[PDB]
């Protein structure tokens, strides 16, 4: 069934040594198609994003493209480390647009104590000027996004109480209810250690199309695909057995974190899904899936 098709044998975005904030790595980017352009809000670090290299700080950059492959980038981050919950920065943003407002969920990494990372919310009208709304769930959690529309009058979010994907609901984004797990790892497979969402889910005639990531027992990260019921997204309609994307190219296999592909963003233009993904926690690539090719056994 489903396989993502790389648009290039080269990354679409790489670190820039001359800017401290994005000197070492650019990865794990949000992506959205709006007003005739592809927009990336990308994670960037000053040093290799692993504790063995030091106290890396993650910040968020902006890039834009007409074609989804060739990007122009701003010289300064659109969000920087400002709060105590963001001592070590902002990570892995997922963006949806609802009624003219962009809702970005990101991980605020504080590292002040065990499991000091939290899902946080920021909003914008223009993808440049971001207003912090605070922590969303006060618990160790990440890999979160809103659904791109309200379902039955409610905001819906995916999250990740380790090691499973969860869903929850809210009337106002301030308090959440009906938490339940929807997707778990599967033993003795490529998806055995843990799972988490990729980018935000995409609405389809047949259901919500959701890309997810998983790690195996050697911490190799790959992407997979699930389909959720439109009206009750807690119901998994289908889940592909095999991955849709695995580390294959040199810059997916080799980098600060080896053997990783990881998505936080999937932009849609004319029934084609552009999946942006970090390679080896170092660079950003892009692969596509035409909506007509979303087919589960």
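Positions refer to the first chain, counted from 1.
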### Query
If you average the Cα B factors in the entry, which is higher, 54-62 or 237-245?
237-245
### Comparing 21-29 with 6-14, the one whose average Cα B-factor in the PDB entry is higher
6-14
### Highest recorded Cα temperature factor - choice among 107, 170, 124, 192
192
### Query
What's the residue among 118, 73, 160, 150 with the greatest CA temperature factor in the PDB record?
150
### Query
Taking the C-alpha B-factors as the PDB entry records them, is residue 252 in the lowest, middle or highest third of its chain?
middle
### Task
Within this chain's modelled residues, let me know which third the CA B factor of residue 183 belongs to: lowest, middle or highest.
highest
### Query
Based on the entry's values, in what third of the chain does the Cα temperature factor of residue 99 lie: lowest, middle or highest?
highest
### Message
Ranking every modelled residue in this chain by its Cα temperature factor as given in the entry, which third contains residue 265?
### Response
middle
### Summary
Chain thirds by Cα B factor, record data; residue 68 belongs to the middle
